[PDB]
Amino acid sequence: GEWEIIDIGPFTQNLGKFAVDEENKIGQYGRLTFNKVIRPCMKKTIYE
Amino acid sequence: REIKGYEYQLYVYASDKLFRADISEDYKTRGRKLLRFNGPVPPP
């Protein structure tokens, strides 16, 4: 709980794909081609 | 308590460069938003 380390399976990889797709719309880093997500990946749980 | 949602902190390689990306995700809908995207960062 709150903060936890998660795996880097398809779900996490797709989170990475989403991040790159969003960043590509912004253009701050030019055209990026998603390669992969590596460890570690952290997941924070937000309450209220 | 709630869970409003989650925040994912990732290390993502794009164009062979390493970036750190933070993503928010609503608990119910899974609605996602890119919060931060910075790099290149040194490897973990």
# chains A, B, ... in the order shown; residues from 1 in each chain; ligands from 1
$ interface_residues --of "chain B" --to "chain A" --cutoff "8 Å" --atoms "only C-alpha atoms" --output "PyMOL selection string"
chain B and resi 1-16+21-23+34+37+44
$ atom_distance --atom1 "CA of residue 25 (chain B)" --atom2 "CA of residue 39 (chain B)"
21.6 Å
$ select_by_dssp --residues "chain A" --states "alpha helix (DSSP H)" --output "VMD selection string"
chain A and resid 10 to 26
$ write_last_selection --atoms "N, CA and C atoms" --output "PDB file, in the first residue's frame"
ATOM      1  N   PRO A  10       2.483  -6.425 -19.674  1.00  0.00           N
ATOM      2  CA  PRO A  10       1.694  -5.702 -20.676  1.00  0.00           C
ATOM      3  C   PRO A  10       1.035  -4.440 -20.142  1.00  0.00           C
ATOM      4  N   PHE A  11       0.362  -4.549 -19.006  1.00  0.00           N
ATOM      5  CA  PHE A  11      -0.310  -3.392 -18.424  1.00  0.00           C
ATOM      6  C   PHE A  11       0.626  -2.174 -18.238  1.00  0.00           C
ATOM      7  N   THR A  12       1.791  -2.423 -17.648  1.00  0.00           N
ATOM      8  CA  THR A  12       2.781  -1.388 -17.400  1.00  0.00           C
ATOM      9  C   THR A  12       3.360  -0.892 -18.729  1.00  0.00           C
ATOM     10  N   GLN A  13       3.583  -1.821 -19.662  1.00  0.00           N
ATOM     11  CA  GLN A  13       4.128  -1.472 -20.969  1.00  0.00           C
ATOM     12  C   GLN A  13       3.173  -0.505 -21.680  1.00  0.00           C
ATOM     13  N   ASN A  14       1.875  -0.772 -21.561  1.00  0.00           N
ATOM     14  CA  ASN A  14       0.843   0.064 -22.185  1.00  0.00           C
ATOM     15  C   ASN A  14       0.761   1.424 -21.508  1.00  0.00           C
ATOM     16  N   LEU A  15       1.104   1.476 -20.222  1.00  0.00           N
ATOM     17  CA  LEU A  15       1.140   2.744 -19.516  1.00  0.00           C
ATOM     18  C   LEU A  15       2.267   3.548 -20.164  1.00  0.00           C
ATOM     19  N   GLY A  16       3.367   2.863 -20.476  1.00  0.00           N
ATOM     20  CA  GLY A  16       4.502   3.505 -21.110  1.00  0.00           C
ATOM     21  C   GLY A  16       4.136   4.017 -22.492  1.00  0.00           C
ATOM     22  N   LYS A  17       3.383   3.213 -23.228  1.00  0.00           N
ATOM     23  CA  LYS A  17       2.948   3.563 -24.573  1.00  0.00           C
ATOM     24  C   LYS A  17       2.077   4.813 -24.504  1.00  0.00           C
ATOM     25  N   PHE A  18       1.206   4.864 -23.507  1.00  0.00           N
ATOM     26  CA  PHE A  18       0.323   6.000 -23.287  1.00  0.00           C
ATOM     27  C   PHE A  18       1.146   7.250 -22.990  1.00  0.00           C
ATOM     28  N   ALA A  19       2.154   7.111 -22.132  1.00  0.00           N
ATOM     29  CA  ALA A  19       3.009   8.245 -21.769  1.00  0.00           C
ATOM     30  C   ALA A  19       3.707   8.822 -23.013  1.00  0.00           C
ATOM     31  N   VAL A  20       4.244   7.943 -23.858  1.00  0.00           N
ATOM     32  CA  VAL A  20       4.939   8.371 -25.074  1.00  0.00           C
ATOM     33  C   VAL A  20       3.983   9.007 -26.092  1.00  0.00           C
ATOM     34  N   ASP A  21       2.784   8.444 -26.223  1.00  0.00           N
ATOM     35  CA  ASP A  21       1.779   8.972 -27.145  1.00  0.00           C
ATOM     36  C   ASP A  21       1.387  10.374 -26.705  1.00  0.00           C
ATOM     37  N   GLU A  22       1.206  10.560 -25.399  1.00  0.00           N
ATOM     38  CA  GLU A  22       0.847  11.863 -24.848  1.00  0.00           C
ATOM     39  C   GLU A  22       1.978  12.850 -25.044  1.00  0.00           C
ATOM     40  N   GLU A  23       3.201  12.409 -24.767  1.00  0.00           N
ATOM     41  CA  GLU A  23       4.367  13.263 -24.930  1.00  0.00           C
ATOM     42  C   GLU A  23       4.567  13.654 -26.402  1.00  0.00           C
ATOM     43  N   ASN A  24       4.247  12.748 -27.317  1.00  0.00           N
ATOM     44  CA  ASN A  24       4.381  13.039 -28.740  1.00  0.00           C
ATOM     45  C   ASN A  24       3.429  14.165 -29.166  1.00  0.00           C
ATOM     46  N   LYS A  25       2.281  14.283 -28.494  1.00  0.00           N
ATOM     47  CA  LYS A  25       1.321  15.349 -28.811  1.00  0.00           C
ATOM     48  C   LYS A  25       1.897  16.684 -28.358  1.00  0.00           C
ATOM     49  N   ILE A  26       2.573  16.675 -27.215  1.00  0.00           N
ATOM     50  CA  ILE A  26       3.182  17.878 -26.656  1.00  0.00           C
ATOM     51  C   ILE A  26       4.362  18.323 -27.528  1.00  0.00           C
TER      52      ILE A  26
END
$ atom_distance --atom1 "CA of residue 17 (chain B)" --atom2 "CA of residue 32 (chain B)"
23.1 Å
$ select_by_dssp --residues "chain A" --states "strand (DSSP E or B)" --output "list in words"
residues 3, 4, 5, 6, 34, 35, 36, 37, 38, 39, 40, 41, 42, 43, 44, 45 and 46 of chain A
$ atom_distance --atom1 "CA of residue 1 (chain A)" --atom2 "CA of residue 43 (chain B)"
25.5 Å
